[PDB]
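Note: the block below is my_file14.pdb and it holds PDB, C-alpha atoms and all ligand atoms.
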```pdb
MODEL        1
ATOM      1  CA  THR A  42      -3.272  -1.392 -38.254
ATOM      2  CA  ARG A  43      -3.513   0.037 -34.762
ATOM      3  CA  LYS A  44      -3.153  -1.829 -31.441
ATOM      4  CA  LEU A  45      -0.906  -2.022 -28.370
ATOM      5  CA  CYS A  46      -1.665  -0.826 -24.955
ATOM      6  CA  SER A  47       2.165  -1.125 -25.020
ATOM      7  CA  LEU A  48       3.158   1.813 -27.363
ATOM      8  CA  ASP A  49       2.693   4.374 -24.598
ATOM      9  CA  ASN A  50      -0.136   2.815 -22.632
ATOM     10  CA  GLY A  51      -2.363   3.769 -25.560
ATOM     11  CA  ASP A  52      -2.443   7.288 -24.026
ATOM     12  CA  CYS A  53      -4.787   6.159 -21.285
ATOM     13  CA  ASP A  54      -4.352   8.253 -18.133
ATOM     14  CA  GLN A  55      -5.070   5.140 -16.100
ATOM     15  CA  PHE A  56      -6.424   1.687 -17.115
ATOM     16  CA  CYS A  57      -5.706   0.594 -20.725
ATOM     17  CA  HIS A  58      -7.665  -2.498 -21.893
ATOM     18  CA  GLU A  59      -7.253  -3.217 -25.612
ATOM     19  CA  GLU A  60     -10.476  -4.463 -27.038
ATOM     20  CA  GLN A  61     -10.484  -5.912 -30.569
ATOM     21  CA  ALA A  62      -8.003  -3.366 -32.063
ATOM     22  CA  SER A  63      -9.003  -0.292 -30.083
ATOM     23  CA  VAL A  64      -7.017   0.806 -26.964
ATOM     24  CA  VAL A  65     -10.075   1.454 -24.658
ATOM     25  CA  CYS A  66      -9.242   3.404 -21.531
ATOM     26  CA  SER A  67     -11.018   3.281 -18.197
ATOM     27  CA  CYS A  68     -10.707   5.102 -14.844
ATOM     28  CA  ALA A  69     -10.470   4.219 -11.175
ATOM     29  CA  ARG A  70     -13.552   4.707  -8.961
ATOM     30  CA  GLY A  71     -13.653   8.445  -8.350
ATOM     31  CA  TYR A  72     -12.640   9.400 -11.879
ATOM     32  CA  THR A  73     -15.041  10.092 -14.744
ATOM     33  CA  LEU A  74     -13.760   9.211 -18.275
ATOM     34  CA  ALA A  75     -13.208  12.352 -20.323
ATOM     35  CA  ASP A  76     -15.051  12.484 -23.674
ATOM     36  CA  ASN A  77     -11.728  11.872 -25.566
ATOM     37  CA  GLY A  78     -11.768   8.264 -24.286
ATOM     38  CA  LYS A  79      -8.205   8.647 -23.010
ATOM     39  CA  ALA A  80      -8.114  11.077 -20.073
ATOM     40  CA  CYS A  81      -9.609  10.526 -16.618
ATOM     41  CA  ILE A  82     -11.228  13.516 -14.873
ATOM     42  CA  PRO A  83     -11.522  13.597 -11.054
ATOM     43  CA  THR A  84     -15.199  13.448 -10.058
ATOM     44  CA  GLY A  85     -14.745  14.359  -6.395
ATOM     45  CA  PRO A  86     -12.604  16.991  -4.564
ATOM     46  CA  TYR A  87     -10.133  14.429  -3.227
ATOM     47  CA  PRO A  88      -9.748  11.632  -5.812
ATOM     48  CA  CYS A  89      -7.769   8.572  -4.918
ATOM     49  CA  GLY A  90      -4.075   8.463  -5.567
ATOM     50  CA  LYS A  91      -3.550  12.195  -5.871
ATOM     51  CA  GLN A  92      -1.178  13.958  -3.477
ATOM     52  CA  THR A  93      -3.269  16.277  -1.302
ATOM     53  CA  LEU A  94      -0.758  19.087  -1.146
ATOM     54  CA  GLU A  95      -0.768  22.715  -2.242
ATOM     55  CA  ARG A  96      -1.322  21.624  -5.737
TER      56      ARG A  96
ATOM     57  CA  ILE B   1      11.893   3.191   7.507
ATOM     58  CA  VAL B   2      15.637   2.652   7.197
ATOM     59  CA  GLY B   3      17.232   5.443   5.278
ATOM     60  CA  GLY B   4      14.170   7.083   3.784
ATOM     61  CA  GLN B   5      13.169  10.614   2.735
ATOM     62  CA  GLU B   6      10.434  12.593   4.630
ATOM     63  CA  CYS B   7       6.810  12.676   3.658
ATOM     64  CA  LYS B   8       6.396  16.426   3.244
ATOM     65  CA  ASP B   9       3.045  18.256   3.503
ATOM     66  CA  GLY B  10       0.381  16.273   1.827
ATOM     67  CA  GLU B  11       2.931  13.953   0.211
ATOM     68  CA  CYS B  12       1.737  10.649   1.706
ATOM     69  CA  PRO B  13      -2.001  11.168   2.364
ATOM     70  CA  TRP B  14      -2.959   7.475   2.365
ATOM     71  CA  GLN B  15      -0.743   6.547   5.322
ATOM     72  CA  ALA B  16      -2.823   5.190   8.157
ATOM     73  CA  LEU B  17      -1.329   4.331  11.542
ATOM     74  CA  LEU B  18      -2.801   1.594  13.733
ATOM     75  CA  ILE B  19      -2.539   2.579  17.358
ATOM     76  CA  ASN B  20      -2.992   0.149  20.245
ATOM     77  CA  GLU B  21      -4.646   0.914  23.638
ATOM     78  CA  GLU B  22      -1.759   3.083  24.952
ATOM     79  CA  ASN B  23      -1.635   5.010  21.624
ATOM     80  CA  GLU B  24       1.413   3.019  20.513
ATOM     81  CA  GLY B  25       1.294   2.774  16.717
ATOM     82  CA  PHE B  26       2.095  -0.883  16.143
ATOM     83  CA  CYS B  27       1.471  -1.030  12.356
ATOM     84  CA  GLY B  28       0.408   0.919   9.295
ATOM     85  CA  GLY B  29      -2.346   0.756   6.728
ATOM     86  CA  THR B  30      -3.518   2.200   3.440
ATOM     87  CA  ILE B  31      -6.714   4.274   3.221
ATOM     88  CA  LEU B  32      -8.904   2.828   0.418
ATOM     89  CA  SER B  33     -12.304   4.461   0.965
ATOM     90  CA  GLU B  34     -14.341   6.469   3.498
ATOM     91  CA  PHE B  35     -14.642   3.323   5.646
ATOM     92  CA  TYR B  36     -12.124   0.691   4.535
ATOM     93  CA  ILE B  37      -8.474   0.524   5.537
ATOM     94  CA  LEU B  38      -6.129  -2.060   4.018
ATOM     95  CA  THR B  39      -3.486  -3.685   6.244
ATOM     96  CA  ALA B  40      -1.551  -6.987   6.707
ATOM     97  CA  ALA B  41      -3.225  -9.809   8.652
ATOM     98  CA  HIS B  42      -0.480 -10.530  11.296
ATOM     99  CA  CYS B  43      -0.638  -6.906  12.642
ATOM    100  CA  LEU B  44      -4.038  -7.779  14.154
ATOM    101  CA  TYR B  45      -2.152  -9.862  16.771
ATOM    102  CA  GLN B  46       0.011  -6.978  18.157
ATOM    103  CA  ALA B  47      -2.874  -5.553  20.266
ATOM    104  CA  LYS B  48      -6.018  -6.820  21.995
ATOM    105  CA  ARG B  49      -7.747  -3.803  20.531
ATOM    106  CA  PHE B  50      -6.637  -0.903  18.396
ATOM    107  CA  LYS B  51      -7.857   2.212  16.611
ATOM    108  CA  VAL B  52      -6.824   3.743  13.287
ATOM    109  CA  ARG B  53      -5.324   7.210  13.070
ATOM    110  CA  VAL B  54      -5.281   9.098   9.827
ATOM    111  CA  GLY B  55      -3.866  12.556   9.078
ATOM    112  CA  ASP B  56      -0.922  11.809  11.346
ATOM    113  CA  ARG B  57       2.345  12.964   9.964
ATOM    114  CA  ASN B  58       4.345  13.319  13.202
ATOM    115  CA  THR B  59       3.778  10.985  16.174
ATOM    116  CA  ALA B  60       4.815  13.543  18.799
ATOM    117  CA  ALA B  61       2.648  16.664  18.622
ATOM    118  CA  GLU B  62      -1.091  17.062  18.067
ATOM    119  CA  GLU B  63      -0.785  19.666  15.305
ATOM    120  CA  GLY B  64      -4.408  19.192  14.211
ATOM    121  CA  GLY B  65      -5.064  17.160  11.070
ATOM    122  CA  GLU B  66      -4.808  13.895  13.013
ATOM    123  CA  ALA B  67      -8.083  12.039  13.370
ATOM    124  CA  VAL B  68      -8.664   8.739  15.138
ATOM    125  CA  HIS B  69     -11.440   6.300  14.165
ATOM    126  CA  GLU B  70     -12.654   3.097  15.844
ATOM    127  CA  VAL B  71     -12.789  -0.124  13.833
ATOM    128  CA  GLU B  72     -16.231  -1.684  13.323
ATOM    129  CA  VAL B  73     -15.418  -4.914  11.556
ATOM    130  CA  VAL B  74     -12.085  -6.623  11.022
ATOM    131  CA  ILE B  75     -12.117  -8.862   7.928
ATOM    132  CA  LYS B  76      -8.958 -10.966   7.899
ATOM    133  CA  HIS B  77      -7.780 -13.370   5.189
ATOM    134  CA  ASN B  78      -8.846 -16.703   6.698
ATOM    135  CA  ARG B  79      -5.847 -18.454   4.949
ATOM    136  CA  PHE B  80      -3.085 -16.449   6.690
ATOM    137  CA  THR B  81      -0.634 -19.129   7.573
ATOM    138  CA  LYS B  82       1.410 -17.561  10.407
ATOM    139  CA  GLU B  83       4.488 -19.771   9.737
ATOM    140  CA  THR B  84       4.825 -18.806   6.023
ATOM    141  CA  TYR B  85       3.196 -15.397   6.334
ATOM    142  CA  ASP B  86       1.302 -16.306   3.218
ATOM    143  CA  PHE B  87      -1.964 -14.502   2.490
ATOM    144  CA  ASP B  88      -0.917 -11.709   4.832
ATOM    145  CA  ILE B  89      -3.779  -9.315   4.106
ATOM    146  CA  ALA B  90      -6.783  -7.923   6.023
ATOM    147  CA  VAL B  91      -9.391  -5.271   5.528
ATOM    148  CA  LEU B  92     -10.580  -3.099   8.418
ATOM    149  CA  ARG B  93     -13.970  -1.385   8.203
ATOM    150  CA  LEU B  94     -14.113   1.745  10.363
ATOM    151  CA  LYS B  95     -17.138   2.823  12.388
ATOM    152  CA  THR B  96     -16.999   6.483  11.454
ATOM    153  CA  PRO B  97     -16.060   7.755   7.979
ATOM    154  CA  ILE B  98     -12.663   9.256   7.374
ATOM    155  CA  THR B  99     -12.937  12.940   6.383
ATOM    156  CA  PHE B 100     -10.507  13.722   3.582
ATOM    157  CA  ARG B 101      -8.342  16.826   3.828
ATOM    158  CA  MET B 102      -4.654  17.817   3.293
ATOM    159  CA  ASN B 103      -2.755  14.669   4.194
ATOM    160  CA  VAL B 104      -5.913  12.497   4.253
ATOM    161  CA  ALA B 105      -6.710  10.715   0.933
ATOM    162  CA  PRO B 106      -7.407   7.179  -0.354
ATOM    163  CA  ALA B 107      -4.874   5.444  -2.602
ATOM    164  CA  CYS B 108      -6.276   3.977  -5.873
ATOM    165  CA  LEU B 109      -6.922   0.284  -6.333
ATOM    166  CA  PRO B 110      -5.825  -0.982  -9.770
ATOM    167  CA  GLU B 111      -7.213  -4.007 -11.617
ATOM    168  CA  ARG B 112      -5.435  -7.424 -11.795
ATOM    169  CA  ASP B 113      -4.565  -6.943 -15.483
ATOM    170  CA  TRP B 114      -2.918  -3.511 -15.492
ATOM    171  CA  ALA B 115      -1.140  -4.037 -12.309
ATOM    172  CA  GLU B 116       0.436  -7.185 -13.512
ATOM    173  CA  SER B 117       2.031  -5.341 -16.421
ATOM    174  CA  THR B 118       2.388  -1.550 -16.275
ATOM    175  CA  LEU B 119       2.559  -1.267 -12.406
ATOM    176  CA  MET B 120       4.884  -4.248 -11.723
ATOM    177  CA  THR B 121       6.702  -3.295 -14.986
ATOM    178  CA  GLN B 122       7.627   0.104 -13.542
ATOM    179  CA  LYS B 123      11.145  -0.068 -12.100
ATOM    180  CA  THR B 124      10.230   1.568  -8.721
ATOM    181  CA  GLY B 125       7.495   1.801  -6.108
ATOM    182  CA  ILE B 126       7.071   3.878  -2.927
ATOM    183  CA  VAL B 127       6.750   2.543   0.634
ATOM    184  CA  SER B 128       6.200   4.461   3.935
ATOM    185  CA  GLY B 129       5.405   4.094   7.646
ATOM    186  CA  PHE B 130       6.071   4.930  11.305
ATOM    187  CA  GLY B 131       8.379   1.976  11.764
ATOM    188  CA  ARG B 132      11.987   1.295  12.816
ATOM    189  CA  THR B 133      14.484   3.590  11.394
ATOM    190  CA  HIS B 134      17.525   1.263  11.772
ATOM    191  CA  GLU B 135      16.757  -2.260  13.161
ATOM    192  CA  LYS B 136      17.715  -2.213  16.847
ATOM    193  CA  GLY B 137      16.559   1.339  16.990
ATOM    194  CA  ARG B 138      13.575   3.578  17.722
ATOM    195  CA  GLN B 139      10.495   3.498  15.515
ATOM    196  CA  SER B 140      10.170   6.879  13.605
ATOM    197  CA  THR B 141       7.972   9.774  14.901
ATOM    198  CA  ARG B 142       8.345  11.527  11.494
ATOM    199  CA  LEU B 143       6.603   9.787   8.600
ATOM    200  CA  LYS B 144       9.326   8.479   6.349
ATOM    201  CA  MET B 145       8.810   7.365   2.752
ATOM    202  CA  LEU B 146      11.323   5.380   0.643
ATOM    203  CA  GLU B 147      11.694   4.576  -3.020
ATOM    204  CA  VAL B 148      11.970   0.758  -3.319
ATOM    205  CA  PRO B 149      12.745  -0.836  -6.712
ATOM    206  CA  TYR B 150      10.875  -3.852  -7.944
ATOM    207  CA  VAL B 151      12.901  -7.097  -7.706
ATOM    208  CA  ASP B 152      12.342 -10.048 -10.052
ATOM    209  CA  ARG B 153      10.732 -13.195  -8.730
ATOM    210  CA  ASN B 154      13.746 -15.518  -9.227
ATOM    211  CA  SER B 155      16.338 -13.372  -7.419
ATOM    212  CA  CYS B 156      13.769 -12.801  -4.623
ATOM    213  CA  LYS B 157      13.414 -16.583  -4.206
ATOM    214  CA  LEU B 158      17.209 -17.094  -4.397
ATOM    215  CA  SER B 159      17.869 -14.536  -1.633
ATOM    216  CA  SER B 160      15.177 -15.273   0.931
ATOM    217  CA  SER B 161      15.826 -18.139   3.315
ATOM    218  CA  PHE B 162      12.041 -18.779   3.356
ATOM    219  CA  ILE B 163       9.662 -19.804   0.604
ATOM    220  CA  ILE B 164       8.249 -16.851  -1.294
ATOM    221  CA  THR B 165       4.808 -17.724  -2.692
ATOM    222  CA  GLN B 166       2.938 -16.070  -5.597
ATOM    223  CA  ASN B 167       1.073 -13.945  -2.989
ATOM    224  CA  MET B 168       4.341 -12.146  -2.149
ATOM    225  CA  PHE B 169       6.827 -10.023  -4.072
ATOM    226  CA  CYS B 170      10.275  -8.649  -3.262
ATOM    227  CA  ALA B 171      11.193  -4.951  -3.417
ATOM    228  CA  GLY B 172      14.290  -3.451  -1.862
ATOM    229  CA  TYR B 173      18.017  -2.987  -2.250
ATOM    230  CA  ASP B 174      20.576  -5.763  -2.442
ATOM    231  CA  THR B 175      23.427  -3.793  -0.919
ATOM    232  CA  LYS B 176      22.185  -0.227  -0.500
ATOM    233  CA  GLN B 177      21.323   0.175   3.133
ATOM    234  CA  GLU B 178      17.782   1.437   2.742
ATOM    235  CA  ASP B 179      14.522  -0.567   3.255
ATOM    236  CA  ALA B 180      11.248  -0.878   5.157
ATOM    237  CA  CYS B 181      11.671  -2.375   8.659
ATOM    238  CA  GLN B 182       9.824  -3.652  11.799
ATOM    239  CA  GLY B 183       6.724  -1.535  12.509
ATOM    240  CA  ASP B 184       5.859  -0.862   8.874
ATOM    241  CA  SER B 185       3.717  -4.005   8.663
ATOM    242  CA  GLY B 186       0.466  -3.324   6.793
ATOM    243  CA  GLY B 187       1.905  -0.133   5.328
ATOM    244  CA  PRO B 188       1.533   0.861   1.659
ATOM    245  CA  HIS B 189       3.738  -0.099  -1.155
ATOM    246  CA  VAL B 190       2.180   2.132  -3.731
ATOM    247  CA  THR B 191       3.332   2.603  -7.367
ATOM    248  CA  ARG B 192       2.998   5.895  -9.236
ATOM    249  CA  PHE B 193       1.646   5.891 -12.769
ATOM    250  CA  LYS B 194       1.253   9.270 -14.466
ATOM    251  CA  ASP B 195       0.876  11.146 -11.147
ATOM    252  CA  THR B 196      -1.906   8.703  -9.954
ATOM    253  CA  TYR B 197      -0.850   6.412  -7.086
ATOM    254  CA  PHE B 198      -1.972   2.784  -7.237
ATOM    255  CA  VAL B 199      -1.648   0.300  -4.311
ATOM    256  CA  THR B 200       0.476  -2.620  -5.533
ATOM    257  CA  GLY B 201       1.436  -4.253  -2.245
ATOM    258  CA  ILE B 202       1.380  -4.077   1.562
ATOM    259  CA  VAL B 203       4.471  -4.408   3.801
ATOM    260  CA  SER B 204       4.529  -7.968   5.077
ATOM    261  CA  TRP B 205       7.904  -9.148   6.371
ATOM    262  CA  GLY B 206      11.592  -9.523   5.586
ATOM    263  CA  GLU B 207      14.883 -10.714   7.036
ATOM    264  CA  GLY B 208      15.714  -7.798   9.216
ATOM    265  CA  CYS B 209      16.049  -4.442   7.498
ATOM    266  CA  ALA B 210      18.321  -3.100   4.716
ATOM    267  CA  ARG B 211      20.263  -6.324   5.164
ATOM    268  CA  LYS B 212      23.120  -6.736   2.751
ATOM    269  CA  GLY B 213      22.039  -9.540   0.485
ATOM    270  CA  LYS B 214      18.293  -9.620   1.173
ATOM    271  CA  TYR B 215      15.224  -7.651   0.062
ATOM    272  CA  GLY B 216      12.059  -6.423   1.786
ATOM    273  CA  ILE B 217       9.024  -8.395   0.784
ATOM    274  CA  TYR B 218       5.430  -7.234   0.372
ATOM    275  CA  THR B 219       2.081  -8.999  -0.102
ATOM    276  CA  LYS B 220       1.102  -8.741  -3.779
ATOM    277  CA  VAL B 221      -2.199  -6.744  -3.802
ATOM    278  CA  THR B 222      -2.617  -7.806  -7.420
ATOM    279  CA  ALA B 223      -3.594 -11.322  -6.199
ATOM    280  CA  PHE B 224      -6.317 -10.046  -3.828
ATOM    281  CA  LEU B 225      -8.211  -7.101  -5.486
ATOM    282  CA  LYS B 226     -11.300  -9.357  -5.893
ATOM    283  CA  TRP B 227     -11.107 -10.393  -2.217
ATOM    284  CA  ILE B 228     -10.752  -6.696  -1.402
ATOM    285  CA  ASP B 229     -13.965  -5.747  -3.245
ATOM    286  CA  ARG B 230     -15.617  -8.779  -1.566
ATOM    287  CA  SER B 231     -14.883  -7.373   1.866
ATOM    288  CA  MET B 232     -15.563  -3.743   0.763
ATOM    289  CA  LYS B 233     -19.105  -4.820  -0.130
ATOM    290  CA  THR B 234     -18.782  -6.954   2.993
ATOM    291  CA  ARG B 235     -17.975 -10.601   2.575
TER     292      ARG B 235
HETATM  293  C1  LIG C 301       8.433 -17.768  11.313
HETATM  294  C2  LIG C 301       8.453 -17.935   9.793
HETATM  295  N1  LIG C 301       8.430 -19.175   9.338
HETATM  296  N2  LIG C 301       8.556 -16.925   8.936
HETATM  297  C3  LIG C 301       8.410 -17.066   7.482
HETATM  298  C4  LIG C 301       8.709 -15.638   7.101
HETATM  299  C5  LIG C 301       8.470 -14.698   8.220
HETATM  300  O1  LIG C 301       9.197 -13.515   8.197
HETATM  301  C6  LIG C 301       9.496 -12.690   9.345
HETATM  302  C7  LIG C 301       8.473 -12.248  10.188
HETATM  303  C8  LIG C 301       8.778 -11.439  11.275
HETATM  304  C9  LIG C 301      10.100 -11.076  11.506
HETATM  305  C10 LIG C 301      10.386 -10.100  12.644
HETATM  306  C11 LIG C 301      11.038  -8.848  12.068
HETATM  307  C12 LIG C 301      10.292  -8.119  10.964
HETATM  308  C13 LIG C 301       8.907  -7.857  10.992
HETATM  309  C14 LIG C 301       8.319  -7.065   9.999
HETATM  310  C15 LIG C 301       9.109  -6.580   8.951
HETATM  311  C16 LIG C 301       8.551  -5.800   7.937
HETATM  312  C17 LIG C 301       9.357  -5.350   6.888
HETATM  313  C18 LIG C 301      10.711  -5.717   6.804
HETATM  314  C19 LIG C 301      11.511  -5.420   5.709
HETATM  315  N3  LIG C 301      12.790  -5.804   5.717
HETATM  316  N4  LIG C 301      10.993  -4.767   4.662
HETATM  317  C20 LIG C 301      11.237  -6.429   7.868
HETATM  318  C21 LIG C 301      10.469  -6.908   8.895
HETATM  319  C22 LIG C 301      11.031  -7.677   9.885
HETATM  320  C23 LIG C 301      11.238 -10.538  13.836
HETATM  321  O2  LIG C 301      10.962 -10.043  14.931
HETATM  322  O3  LIG C 301      12.181 -11.317  13.668
HETATM  323  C24 LIG C 301      11.126 -11.532  10.671
HETATM  324  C25 LIG C 301      10.820 -12.337   9.582
HETATM  325  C26 LIG C 301       8.818 -15.570   9.402
HETATM  326 CA    CA C 302       1.111  14.150  15.701
ENDMDL
END
```
For the file at hand, write its structure as structure tokens.
Ligand SMILES: CC(=N)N1CC[C@H](Oc2ccc([C@H](Cc3ccc4ccc(C(=N)N)cc4c3)C(=O)O)cc2)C1
Ligand SMILES: [Ca+2]
Amino acid sequence: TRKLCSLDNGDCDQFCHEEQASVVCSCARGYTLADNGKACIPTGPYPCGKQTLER
Amino acid sequence: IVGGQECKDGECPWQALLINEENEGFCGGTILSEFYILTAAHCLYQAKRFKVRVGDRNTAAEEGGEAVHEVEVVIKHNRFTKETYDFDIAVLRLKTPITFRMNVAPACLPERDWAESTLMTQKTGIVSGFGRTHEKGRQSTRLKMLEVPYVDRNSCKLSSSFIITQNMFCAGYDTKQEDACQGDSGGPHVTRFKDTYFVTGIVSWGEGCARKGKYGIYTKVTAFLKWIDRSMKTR
């Protein structure tokens, strides 16, 4: 047993969409999915939704 | 914004201001891409013609960073019923691309499922805009942002003296005198999830501002994402 985009959003950085019994993460346009199938990596210098400050 | 906190450097990079002919910012908007700005349908009536300014953090001085762009196409939701304020949403396509920089960045669009749940399940969202700071008071000049908690559908209905439809949602304080106000129409109600900011609604209307007993209401972006991508392709 494994399931639940609930638990802790299935450790997706962004979109969690449970398929069959697998969490399955996805990213917003402008983010590439990191090989670990959980994290979302910015593709461009100013990705959406990130605060453009002295970060 | 009545009783907000200030958008510090780079803190609210998606805030667009819609300025009329005499440079009077009559509404706000949310940057979505290099060409498309999201705003709320009725604002299109407050000027014969307008332009969108991004990068603007303070209305008064031209400290650089501010960049105006002309609108090419205005795609409005054809079902906006002015007397209910239902379907209050419109997409503006700008003529010249917005150049991103510190204080200039698109907010992220979510997806209908994971938006409903997760984003509307969060207890709080953020709202901001160059709009009235007190009701019967001046607009803002400094970009104010305010944390507005999500309010459940039934209480929202029970408080508002006008029918709230499933294209609207309430967020605001019952008694705490803090809330979005006149002149924040079209502005972002964004929700933060793990440092990423997702657009969940746009400032529509509300009975006055910070009014004891009522809440500010926003158009539910979750019901329109498909319509948004329609117009972003152009339809
Ligand atoms: C006519 C009709 N049948 N209606 C159905 C609902 C709709 O709601 C409105 C629209 C504009 C106003 C403005 C004021 C007005 C306009 C915009 C606002 C935006 C945000 C908030 C807020 N509290 N978060 C308040 C606003 C109040 C007026 O001049 O009176 C007040 C209420 C009217
Ligand atoms: Ca300025």
Practice item. Tell me which protein, DNA and RNA residues are within 9 Å of stretch 139-149 of chain B, counting all atoms listed in the file, leaving out same-chain ones fewer than 5 positions away, and put them as a ChimeraX atom specification. Key: /B:1-8,12,15,56-60,122-134,170-173,178-180,182-183,189,216
What are the closest atom pairs, with distances in Å to one decimal, for all residues of chain B lying within 8 Å of ligand LIG 301 (chain C)? Consider all atoms listed in the file, order rows by chain and residue number, and present the result as a tab-separated table.
```
residue	atom	partner	partner_atom	distance
B:82	CA	C:LIG301	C2	7.1
B:83	CA	C:LIG301	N1	4.0
B:84	CA	C:LIG301	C3	4.2
B:85	CA	C:LIG301	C4	5.6
B:162	CA	C:LIG301	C3	5.8
B:163	CA	C:LIG301	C3	7.5
B:172	CA	C:LIG301	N4	7.4
B:179	CA	C:LIG301	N4	5.7
B:180	CA	C:LIG301	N4	3.9
B:181	CA	C:LIG301	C18	3.9
B:182	CA	C:LIG301	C14	4.1
B:183	CA	C:LIG301	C14	6.3
B:184	CA	C:LIG301	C16	5.7
B:185	CA	C:LIG301	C16	5.2
B:203	CA	C:LIG301	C17	5.9
B:204	CA	C:LIG301	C16	5.4
B:205	CA	C:LIG301	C16	3.8
B:206	CA	C:LIG301	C20	3.9
B:207	CA	C:LIG301	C25	5.1
B:208	CA	C:LIG301	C22	4.7
B:209	CA	C:LIG301	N3	4.0
B:210	CA	C:LIG301	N3	6.2
B:211	CA	C:LIG301	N3	7.5
B:215	CA	C:LIG301	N3	6.4
B:216	CA	C:LIG301	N4	3.5
B:217	CA	C:LIG301	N4	5.7
B:218	CA	C:LIG301	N4	7.4
```
Write out as a compact mmCIF listing (two decimals) with C-alpha atoms, keeping the file's coordinate frame each polymer residue whose atoms come within 12 Å of residue B:154, counting all atoms listed in the file; drop sequence neighbours fewer than 2 positions from it.
```
# COMPACT_ATOMS: atom_id res chain seq x y z
CA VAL B 151 12.90 -7.10 -7.71
CA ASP B 152 12.34 -10.05 -10.05
CA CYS B 156 13.77 -12.80 -4.62
CA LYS B 157 13.41 -16.58 -4.21
CA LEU B 158 17.21 -17.09 -4.40
CA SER B 159 17.87 -14.54 -1.63
CA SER B 160 15.18 -15.27 0.93
CA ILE B 163 9.66 -19.80 0.60
CA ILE B 164 8.25 -16.85 -1.29
CA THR B 165 4.81 -17.72 -2.69
CA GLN B 166 2.94 -16.07 -5.60
CA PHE B 169 6.83 -10.02 -4.07
CA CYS B 170 10.28 -8.65 -3.26
```
Check your understanding: Looking at only C-alpha atoms and all ligand atoms, which of B:102, B:34, B:28, B:64 is the one that sits closest to ligand CA 302 (chain C)?
Key ->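 The answer is B:64, which sits nearest to ligand CA 302 (chain C).
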Check your understanding: Excluding same-chain residues fewer than 4 positions from residue A:69, what lies within 10 Å of it counting all atoms listed in the file, as a list in words?
Key ->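 Within the cut-off, the hits are residues 55, 56, 73, 74, 81, 83, 88, 89 and 90 of chain A; 108, 109, 110, 111, 196 and 198 of chain B.
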Practice item. Return the single residue from B:81, B:117, B:231, B:23 that is closest to residue A:46, with distances computed using all atoms listed in the file. Key: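 For residue A:46, the nearest of the candidates is B:117.
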Check your understanding: So what does the PyMOL selection byres ((chain B) within 9 of (chain A)) actually pick up in this one, as a PyMOL selection string?
Key -> chain B and resi 8-14+32-33+100-111+113-114+118+192-199
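Closest approach to ligand CA 302 (chain C) among B:61, B:44, B:52, B:37: B:61, based on only C-alpha atoms and all ligand atoms.
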Check your understanding: Which polymer residues have any atom within 12 Å of an atom of residue A:60, counting all atoms listed in the file, with same-chain residues fewer than 3 positions away left out, as JSON, numbers by chain?
Key -> {"A": [43, 44, 45, 46, 51, 57, 63, 64, 65, 66, 67]}
Review point. Smallest atom-to-atom distance to ligand CA 302 (chain C): which of B:176, B:112, B:42, B:53, using only C-alpha atoms and all ligand atoms?
Key: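 Closest to ligand CA 302 (chain C), using only C-alpha atoms and all ligand atoms: B:53.
Going from atom CA of residue B:21 over to atom CA of residue B:94, you cover 16.3 Å.
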Practice item. Rounded to one decimal place, report the atom CA of residue B:27-atom CA of residue B:39 distance in Å. Key: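 Between atom CA of residue B:27 and atom CA of residue B:39 the gap works out to 8.3 Å.
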Practice item. One decimal, Å: what's the distance from atom CA of residue B:87 over to atom CA of residue B:188, could you say? Key: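 Going from atom CA of residue B:87 over to atom CA of residue B:188, I get 15.8 Å.
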Practice item. Give as a count of residues only the residues that the PyMOL selection byres (((chain B and resi 72) around 6) and not hetatm) matches when applied to the coordinates above. Key: 5
Exercise for review: For each of B:54, B:47, B:69, B:88, take the minimum atom-to-atom distance to residue B:186, counting all atoms listed in the file, then give the residue where this is smallest.
Suggested key: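 Counting all atoms listed in the file, the residue closest to residue B:186 is B:88.
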Around all the atoms of stretch 69-81 of chain B listed in the file, draw an axis-aligned box and extend it by 8 Å on each of the six sides; I want its centre and edge lengths in Å to one decimal, as lines of an AutoDock Vina configuration file.
```
center_x = -8.4
center_y = -6.4
center_z = 10.4
size_x = 31.6
size_y = 41.4
size_z = 26.9
```
**Study point:** Test item: the PyMOL selection byres (((chain B and resi 75) around 9) and not hetatm) resolved as number ranges by chain
**Key:** B: 41, 73-74, 76-78, 90-93, 231, 234-235
